[PDB]
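Student: What follows is a single structure, and I will ask about it in a moment.
What follows is calculated from the coordinates using simple rules that are stated; it is not laboratory data. Note: ideal-geometry Cβ built from the backbone for every residue, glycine included; neighbour counts use all protein chains shown.
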Amino acid sequence: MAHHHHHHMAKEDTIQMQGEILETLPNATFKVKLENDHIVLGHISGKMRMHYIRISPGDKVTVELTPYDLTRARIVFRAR
């Protein structure tokens, strides 16, 4: 196939996007609505989430999403 380009992506760029919890889910994942009205699923990684106070609807929180994986995210609760 003439000059067939290899599907091998480079330069990973993840984006921290900040909004508020629209809905709490017991799936270790929280339905977070961002300031753009775009709702993304911010998932808490690690067993810390069980010990951590589950983030109630109406709490503002940051998450981190690859623009390609916009459907999902990882929670970014800013701990010191």
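Student: Hey, how many Å between the Cα centroid of the stretch 49-67 and the Cα centroid of the stretch 30-47?
Tutor: The distance from the Cα centre of the stretch 49-67 to that of the stretch 30-47 comes to 7 Å.
Student: Something else now. Are there any GluC sites (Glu not before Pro) in the stretch 1-38 that are in a DSSP loop and have at most 11 other Cβ atoms within 10 Å? List them by number.
Tutor: Taking the stretch 1-38 and a limit of 11 other Cβ atoms within 10 Å, the loop GluC sites (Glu not before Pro) found are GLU12, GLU35.
Student: Can you give the net charge of the other residues whose Cβ lies under 11 Å from the Cβ of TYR68, counting K and R as +1 and D and E as -1?
Tutor: Here the count lands on -2.
Student: Relative contact order (percent) for the chain, with alpha-carbon contacts under 8 angstrom and 6 or more residues of separation?
Tutor: Relative contact order, the chain: 32 percent.
Student: With +1 on the Cβ of every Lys and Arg and -1 on the Cβ of every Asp and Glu, and nothing else charged, how large is the dipole of the chain about its Cα centre, in debye rounded to the nearest 20?
Tutor: 400
Student: Sticking with this one: Let me check I've understood the local charge: for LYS33, count other residues with C-beta under 9 angstrom from its C-beta, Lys and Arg +1, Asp and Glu -1. What total comes out?
Tutor: Summing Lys/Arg as +1 and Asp/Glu as -1 gives -3.
Student: Given R₀ = 25 Å, what would the calculated FRET efficiency be for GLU64 paired with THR24, taking r from the Cβ atoms and rounding to 0.05?
Tutor: That pair, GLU64 with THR24, gives E of 0.85.
Student: Please compute the volume of the convex hull spanned by the alpha-carbon atoms of the stretch 15-76 and report it per residue in Å³.
Tutor: 72
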